[PDB]
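In this analysis, Cβ positions are derived from the backbone assuming ideal geometry, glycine residues included, and neighbour counts consider all displayed protein chains. Every number here is computed from the coordinates shown, using simple stated rules; none is lab data.
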Amino acid sequence: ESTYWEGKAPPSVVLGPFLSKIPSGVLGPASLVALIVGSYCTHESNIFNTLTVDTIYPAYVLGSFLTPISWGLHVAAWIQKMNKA
Amino acid sequence: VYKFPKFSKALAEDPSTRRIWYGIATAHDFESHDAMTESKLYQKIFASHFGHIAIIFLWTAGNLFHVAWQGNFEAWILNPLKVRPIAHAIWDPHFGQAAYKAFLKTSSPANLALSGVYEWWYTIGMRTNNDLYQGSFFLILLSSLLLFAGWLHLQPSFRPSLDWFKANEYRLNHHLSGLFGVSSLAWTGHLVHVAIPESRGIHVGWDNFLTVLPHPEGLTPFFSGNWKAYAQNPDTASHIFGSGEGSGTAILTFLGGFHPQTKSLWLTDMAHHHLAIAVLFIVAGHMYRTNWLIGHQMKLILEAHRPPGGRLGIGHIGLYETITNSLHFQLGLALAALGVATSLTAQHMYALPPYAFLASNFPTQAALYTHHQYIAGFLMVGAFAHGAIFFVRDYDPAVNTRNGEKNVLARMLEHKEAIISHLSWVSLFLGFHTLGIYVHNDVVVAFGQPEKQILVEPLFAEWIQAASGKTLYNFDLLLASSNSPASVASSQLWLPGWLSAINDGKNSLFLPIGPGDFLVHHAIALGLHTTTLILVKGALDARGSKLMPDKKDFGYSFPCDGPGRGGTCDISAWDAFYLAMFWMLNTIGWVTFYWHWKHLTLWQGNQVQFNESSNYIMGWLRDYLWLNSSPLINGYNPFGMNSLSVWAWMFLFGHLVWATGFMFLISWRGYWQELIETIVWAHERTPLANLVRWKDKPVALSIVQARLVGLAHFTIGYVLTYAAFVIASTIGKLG
Amino acid sequence: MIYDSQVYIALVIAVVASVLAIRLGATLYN
Amino acid sequence: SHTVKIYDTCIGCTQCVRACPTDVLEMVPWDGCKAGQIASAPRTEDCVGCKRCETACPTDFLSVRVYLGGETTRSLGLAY
Amino acid sequence: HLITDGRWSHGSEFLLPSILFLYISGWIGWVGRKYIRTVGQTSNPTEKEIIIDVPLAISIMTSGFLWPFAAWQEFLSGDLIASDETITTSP
Amino acid sequence: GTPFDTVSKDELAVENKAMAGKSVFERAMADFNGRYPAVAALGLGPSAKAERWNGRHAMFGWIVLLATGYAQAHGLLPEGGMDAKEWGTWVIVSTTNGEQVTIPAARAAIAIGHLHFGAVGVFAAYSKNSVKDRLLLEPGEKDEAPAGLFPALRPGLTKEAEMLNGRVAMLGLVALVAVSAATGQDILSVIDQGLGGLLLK
Amino acid sequence: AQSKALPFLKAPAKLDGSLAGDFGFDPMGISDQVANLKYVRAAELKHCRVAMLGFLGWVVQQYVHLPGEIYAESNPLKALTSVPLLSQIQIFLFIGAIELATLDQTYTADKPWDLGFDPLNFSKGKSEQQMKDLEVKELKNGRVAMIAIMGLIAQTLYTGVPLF
Ligand code: CLA
Ligand code: CLA
Ligand code: CLA
Ligand SMILES: CC(/C=C/C=C(C)/C=C/[C@@]12O[C@]1(C)C[C@@H](O)CC2(C)C)=C\C=C\C=C(C)\C=C\C=C(C)\C=C\[C@@]12O[C@]1(C)C[C@@H](O)CC2(C)C
Ligand SMILES: CC(/C=C/C=C(C)/C=C/[C@@]12O[C@]1(C)C[C@@H](O)CC2(C)C)=C\C=C\C=C(C)\C=C\C=C(C)\C=C\[C@@]12O[C@]1(C)C[C@@H](O)CC2(C)C
Ligand SMILES: CC(/C=C/C=C(C)/C=C/[C@@]12O[C@]1(C)C[C@@H](O)CC2(C)C)=C\C=C\C=C(C)\C=C\C=C(C)\C=C\[C@@]12O[C@]1(C)C[C@@H](O)CC2(C)C
Ligand SMILES: CC1=C(/C=C/C(C)=C/C=C/C(C)=C/C=C/C=C(C)/C=C/C=C(C)/C=C/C2=C(C)CCCC2(C)C)C(C)(C)CCC1
Ligand code: SF4
């Protein structure tokens, strides 16, 4: 326990007992891939092609949800990297 | 002289009338009661909550019953733009024949309904005085349920413990998911099933609801994933509300803007809104940890949030135990959130009217906006007052400090002088310059040269209006442009409805603004900043200052510290609330004056009157107050009276209560104790009255009690006189 | 227009809600 | 009755005792200051709360402190 | 109508008067602060506040034309801001 | 939920063995008296004093209902409505289209008679030291003992006789109101049916 | 493990031994919040008895009717509206009269479900094992009836066929 921290990086326990054991070399590339996929899904559902009732595409929607997620994945990747993991 | 303040033995031993006065005003301060524990505190608060919800439901049931019995709801359905809704009938023995004739509506004297309940109930699909009666019956049943629950949870085997009351994660999961999401889901179910067909002429009651399909395809698209089918064939632009002419079959759509006939939001828009809100809140209600090993422990979240470089101290480590163990911190947070929420309701229910034919009900529009803004100010002041109370009686510096370093909350008391000094600077800046520009306009216009006025175009706010699609200021920015990515993205979803509504002169959606709007917004900012300054100063200085470095030892509310050290009048944190109530009333008065004058000019059509006269103070005094007060004061004259006579009486009543507050505020104690002593001598030394003697020694009201009574008179008079003015002026000016 | 029976039973139910209110009031003690 | 407390910052200057209008405070022997005396509050039942005692206190933040509490016909100053 | 969004096209309506006032008010504040700090190191600082030392006052007042430069020469040396001799309340 | 107890072990209900036996009437009386003192000590509520007084009033009111039916049948009970010009606007009931329907004069007269009787009652209430039977219980006085399911069969002008007749009259009023509500006729119509026709003849 | 109904879960702490019908069936851990099992057992038994009576009435009304015309409706849910309000209010008043004394009784007693109802004395002379067996029989039958009466209501509301 003791999620409180004062050093350079928080302890790996703040990532939960599922991300605490992911190597940073896995989280990092996974975070970048998720960010790219989410940005592309957002730019394909909108921006590049205007949205319409007949075109919603749960893949692009679910995808776009990987952009907010990506943020968390690379934050966890940095936390793991600084904690020698 | 005993047994009345059962909760306080110190008061019960008071031989004076102060015991009765203080018994009323300390009845709900459970933490200060004799023989008090935390478990009893939470249990009593729980039961009081149940009784309060029962009271709310009984009040709503009474409104429903009185509209069903003495109203004209059914007649108003067939002609909502000409028939004036009736609240309830009047039976007052003091009426003359003239008053009976003037207040006579249909069969009996009655009061017009300014609560907008007719439009709200009509929108949600009520068409009969028997539908309202069913609602009243059901709400009285719910009140009985809540009263039974309140009684039950004071029984020995059903009284919850402190652990259950302080179980934050369980309560958050359930509140969010269950309360918000599931209530939104049930409201979407009602909206669709009942409201959508009832707006299209199909009656869906408690008999034919298991056999009347809300959509022709009937739950097939939902399970099949063809969710677009619920949006196909929306209501046309020639749809008559409550009738099948020009209707559609869709139940969840994006249309934006307003119904072309009712000038209100689409029912299919609101059903989709509540479905989305329900899904989002149900999802968000699974965040925190419970008995199934997954979720969040908010203590860990708070403790882990310390910036690594270090600028918030040690972060939020001690906040979990601080909030959990204090009921005033939670109350302040809830009151602040509720104040912001009801400010949002006021600001959105006029720009985006959600109920059918409510846009054309000008008196109810003004009444609703004024009511919600006043409630908002009250809630904000209460939030800050309870923050001050938390500082006085619940804050523990040891919990919020780790090895000398202070957490995010304890650091607010370190730069408290910086916070107060900068609030003072902002307040002085805004006041000086807003008053300077207003007085400059006053003097310049008075001297007959209005061209020398200082009129600042609110370009920043007009920039926002253009960003949302208003092509009135020639900005061509985001939605005022057809080529911007913001417009191409929603060109097929909700822009055609939104643009058609924002670019319309008859709406209140994004009202056109000018220099008068700029100046009055700066006045509003000054009022907000000064009220915040008073409240924040009282909260931070609650635990002590240089004049009283032990103020926490005297409690939240005490009269003073004496005439020593130069004088210590109004030094307590309660006095800061007391002073900030005046500033809240003034700020809400400015906001409501601005709103009401803008909308009176918009409805009457002379928007040029506001745009020209709103830049100087005499313009306000002459064209809003003096001009629109004419119908109100002529509610009764030496020649006759009108149905507005009650509003003129309430106007004078509010003035009288205001000035009695002035009595209680200007004249202090000490002058009233000696007079009371003279009266006591007179009673004691007169025959035929010596036979009657008091049981409680009559004494003057205490200093804090006198401040409270003066504030109550001031506030009640303020509210009554402004309600009378706004309602009577709107009614008498706009027919 | 609601009938006498409708108003009467609503009054009777309101009485029941009143007895439940005093029971809660008395249970919250003197 | 109000509560009156004396703190060891007392310098025994007697100004509190000779300012009390109801004879609540008195000077008692002590060994914590040069004067060898400290104020005492043995008759707080007569305390009226006028706070004249701490208006005459020269110490920095007071050595006599009056905490207003339950009211009595003596503490309310009622001649009736 | 005054265009005070910041554009230099309508710069004579707000921006130039803003600069003029900032100069004048900074002058006033600087000379006041300099006089306060100067007579604050004499035997009777309070006497020299109700009875102004007109020679010293005139000396300081005409020296305020460099207030933007003097301010960003005293802030650099740390002579503009106090650190911890400032008094604080109990909490 | 699981890591804590919702209800503390120190706050648990205990079965009240003091009400063993004690048929529902005795149990209800004891619960009312213990839960609501200072109104039970006055004799108010489910008490023998209150029952006796209400029985007396119910019998007198059966007499009053018979008298009202007789007066309505025999051409008494004045006709028309009250004069709004004479008695103010508080006597106006409704205005349908240009005419003011007022309170019936018969209702006003019956209300005046009931006011006479209620005033007599109020005088007797604030005349406790001069009346044979008081309205409320003195401090110390104890409520007469409940009569039970069947009061003693003591004919004449006895406490048991008055008790039984008051219970019978109150039950009769309850039955009369129930019949009027269930079937839908006027109270006097129900009394007329229950007297064969000898009242409204 | 300790649940007999869900042989894999471990029952909650309050499900043990006594209070016949205890098969360890509380997966959601509702018993962890209630102070005791007295009130929840009282509610369960009241539901069991009401559901038994409801199922019996459903079947009998399907096949047998009172001589009067107002009781001639075969569909119980339609008879809920066809029957005059006088009969239903009389039934409700009778139930409430039974319910108020038991309202005083339930929230405090050790056996709130024990209403002292045994006119035929089917329990006088029975041993403890036989009494527990009778309680188990009652609880089983009641749970099955509850499921059955809810199914009957659902099938009548969904198809209009009150039986089969
Ligand atoms: C699904 C289960 C559930 C539900 C429905 C409730 C419901 C309720 N509980 Mg509750 N509770 C639960 C589980 C649940 N609880 C559990 C498990 C616990 C134990 C951990 C508790 C412990 C508990 C306590 C201790 C108390 C309650 C109370 C209440 C009541 C709050 C008052 C009220 O009526 O609010 C009604 C509110 C709404 C209908 C919704 C409000 C809508 C908001 C204001 C609008 C917000 C929209 C938006 C965000 C605005 C901002 C704009 C945006 C852009 C930001 C409410 C009836 C309180 C009470 O009154 O008791 C009687 C109380 O004291 N509960
Ligand atoms: C849900 C919100 C909420 C809740 C739960 C509480 C709860 C509490 N507050 Mg609080 N408060 C709130 C909102 C709330 N307040 C708001 C919005 C404000 C700002 C106005 C305040 C300002 C405030 C102060 C300043 C103080 C409290 C205090 C208290 C505590 C004791 C209350 C007491 O003694 O009542 C006493 C109740 C009364 C004296 C009744 C007053 C009734 C007023 C005058 C209106 C009645 C007049 C009426 C309109 C007549 C109409 C006239 C007619 C002619 C039209 C209690 C914990 C006190 C305390 O000690 O806290 C620890 C305290 O000092 N609160
Ligand atoms: C002339 C010296 C001087 C200087 C450098 C400052 C500087 C400051 N004052 Mg200030 N003040 C002064 C005089 C001065 N004050 C006087 C004389 C008063 C009494 C009216 C105040 C009352 C005052 C208040 C109430 C507040 C400040 C605040 C502030 C701060 C923000 C600026 C502001 O709001 O201006 C405020 C300026 C005024 C209200 C007008 C000042 C009146 C005149 C113009 C100044 C006196 C000129 C003087 C006679 C020149 C003689 C010098 C000559 C002999 C050589 C800033 C630290 C605010 C703060 O704390 O924010 C951080 C704040 O709330 N001051
Ligand atoms: C039926 C009745 C009470 C029934 C109570 C029951 C079943 C209680 C049952 C319980 O307690 C138990 C058993 C056990 C408890 O644990 C639970 C419950 C369930 C609570 C009262 C009737 C009560 C009926 C009463 C009191 C009637 C009073 C009539 C009066 C006074 C007469 C007035 C008139 O004479 C005037 C004044 C003027 C005339 O013109 C008009 C008239 C009307 C004729
Ligand atoms: C006692 C009574 C009236 C008493 C009147 C008295 C004393 C008057 C005394 C007087 O001094 C006054 C006041 C004034 C004087 O000027 C006149 C006199 C005369 C001198 C009426 C009772 C009136 C009693 C009535 C009407 C009773 C009705 C009962 C019914 C309907 C019963 C139905 C049931 O029995 C069945 C049918 C089947 C059962 O299983 C179920 C139930 C429901 C119990
Ligand atoms: C009634 C009952 C028991 C009644 C017992 C009573 C009153 C006993 C009372 C007494 O002992 C006491 C209390 C105390 C004693 O001193 C006195 C007496 C008086 C002797 C049990 C019913 C128990 C009833 C049960 C278990 C019912 C199960 C029903 C099922 C399975 C139905 C399934 C279906 O209905 C669906 C679901 C859908 C349909 O379409 C198809 C079918 C198949 C028809
Ligand atoms: C004293 C105290 C207290 C109290 C406090 C208070 C009372 C406060 C208030 C507060 C408040 C009252 C706050 C407010 C806030 C607000 C906010 C924070 C807002 C935000 C917003 C936003 C952010 C938005 C954004 C946007 C835009 C602008 C556009 C549109 C879209 C979007 C959304 C993006 C307590 C008890 C706690 C404790 C103790 C101390
Ligand atoms: S209040 Fe201060 S002065 Fe007045 S009596 Fe008590 S102590 Fe002496």
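Points worth noting:
- Signed unit charges on C-beta, dipole axis of chain E, positive-most listed residue E:4, E:51, E:29: E:4
- Put simply, when D:69-80, B:215-226, B:68-79 are sorted by average Cβ atoms within 10 angstrom per residue, most first, you get B:68-79, D:69-80, B:215-226.
- Cα-based reach from residue B:44 at 13 Å (exclusive), listing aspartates and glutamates while leaving out same-chain residues under 8 positions away: B:29, B:31
- Spatial separation of Cα centroids for segment B:143-209 and segment B:225-273, in angstrom: 27
- With K and R counted +1 and D and E -1, the other residues having a Cβ less than 12 Å from that of residue B:71 yield a net charge of +1.
- Multiplying each eigenvalue of the alpha-carbon gyration tensor of segment B:181-337 by 5 and taking the square root yields semi-axes of 45, 18, 16 Å, largest first, rounded to whole angstroms.
- Cα gyration tensor shape for segment F:41-164, rounded if a/c is under 1.5, else prolate or oblate: prolate
- Each principal axis of the Cα cloud of segment B:580-735 was evaluated for its coordinate range; sorted largest first, these ranges are 68, 41, 22 Å.
- Among the trypsin sites (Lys or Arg not before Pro) found in segment F:51-145, those both in a DSSP coil and sparsely packed, with 13 or fewer other Cβ atoms within 10 Å of their Cβ, are F:132, F:142.
- Peptide-level mean, for G:100-107, of C-beta atoms on other protein chains within 10 Å: 4
- Highest-MSF residue in chain E out of E:77, E:63, E:18 [GNM, Cα springs under 10 Å]: E:77
- This model, with +1 at the C-beta of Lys and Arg and -1 at the C-beta of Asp and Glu, gives the protein assembly as shown a dipole about its Cα centre of some 1360 debye.
- Less than 5 angstrom separates the built amide H of residue B:87 from those of B:111, B:112, B:113, all sequence-distant by 5 or more or on a different chain.
- Total charge dipole magnitude, chain F, about the Cα centre, Cβ charges on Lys, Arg, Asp, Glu only, Debye to nearest 20: 540
- Dipole-positive endmost among B:51, B:39, B:722 within chain B (Cβ charges, Cα centre): B:39
- The mean number of partner chain beta-carbon atoms within 10 angstrom of a residue's beta-carbon across peptide C:12-24 is 6.
- When each of B:470/B:537; B:101/B:733; B:299/G:14; B:40/G:111; B:166/G:14 is checked by Cα-Cα distance, pairs over 32 Å: B:470/B:537
- Where chymotrypsin sites (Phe, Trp or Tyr not before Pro) fall in DSSP loop in segment B:87-185, at most 15 other Cβ within 10 Å: B:91
- Within the same chain, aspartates and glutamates fewer than 8 places from residue B:263 are excluded, and of the rest, those with a Cα less than 19 Å from its Cα are B:119, B:198, B:235, B:245, B:504.
- Between amide H atoms placed 1.01 Å from N, distances below 5 Å from residue F:95 occur with B:108, F:101, all of them 5 or more places distant or on a separate chain.
- Ranking E:60, E:73, E:89 by Cα position along the charge dipole of segment E:25-91, where only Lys, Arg, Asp and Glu carry charges on their C-beta atoms, puts E:60 farthest toward the positive end.
- For peptide B:158-169, the mean count of partner chain Cβ atoms within 10 Å of a residue's Cβ comes to 5.
- Of the trypsin sites (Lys or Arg not before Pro) found in segment D:22-60, those that fall in a DSSP loop while having at most 16 other beta-carbon atoms within 10 Å are D:34, D:43.
- Exceedance of the 27 Å cut-off in Cα-Cα distance is limited, within the set B:416/B:552; A:8/B:406; A:84/B:406, to A:84/B:406.
- Expected-Rg normalisation [2.2 N^0.38 Å, Cα atoms] applied to segment B:395-462: 2.02
- Note on segment B:540-612: the alpha carbon radius of gyration divided by the globular reference 2.2 N^0.38 Å gives 1.87.
- Radius 11 Å from Cβ of residue G:162, net charge of other residues (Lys, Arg +1; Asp, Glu -1): 0
- Hits among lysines - C-alpha to C-alpha of residue E:34 under 19 Å, sequence gap 8 or more where chains match: E:48
- Overall form of segment B:489-642: oblate. Here a/c, set by the Cα gyration tensor axes a ≥ b ≥ c, is 1.5 or more, and a/b is not larger than b/c.
- Long pairs among A:21/A:81; B:6/B:695; B:9/B:551, criterion Cα-Cα beyond 20 Å: B:9/B:551
- Three-way shape label, the protein assembly as shown, alpha-carbon gyration tensor, a/c 1.5: rounded
- Normalised alpha carbon radius of gyration of segment F:1-70 [divisor 2.2 N^0.38 Å]: 1.96
- Exposure proxy order (Cβ contacts within 10 Å, fewest to most) of A:67, B:531: A:67, B:531
- Net charge of the neighbourhood of residue B:515, taken over other residues with C-beta under 10 Å away and scored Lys/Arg +1, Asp/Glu -1, is -3.
- Cα-only radius of gyration and Dmax that characterise segment B:348-428, units Å: 20.7, 63
- Ordering of B:265-277, F:176-188 by packing [mean C-beta count within 10 Å, highest first]: B:265-277, F:176-188
- Segment G:1-27-segment F:17-45 distance, computed between alpha-carbon centres (Å): 41
- Sum of -39500 (n - 2.57) over DSSP H runs of 4+, divided by residues of the protein assembly as shown (222 nm, nearest 500): -16500 deg cm²/dmol
- Where the Cα pairs of chain B fall when distances are cut into 20 Å bins, in %: 12, 41, 39, 7, 0
- For chain A, the Stokes-Einstein estimate of translational diffusion at 25 °C and a viscosity of 0.890 mPa s comes to 173 µm²/s, using the Kirkwood hydrodynamic radius over alpha-carbon pairs.
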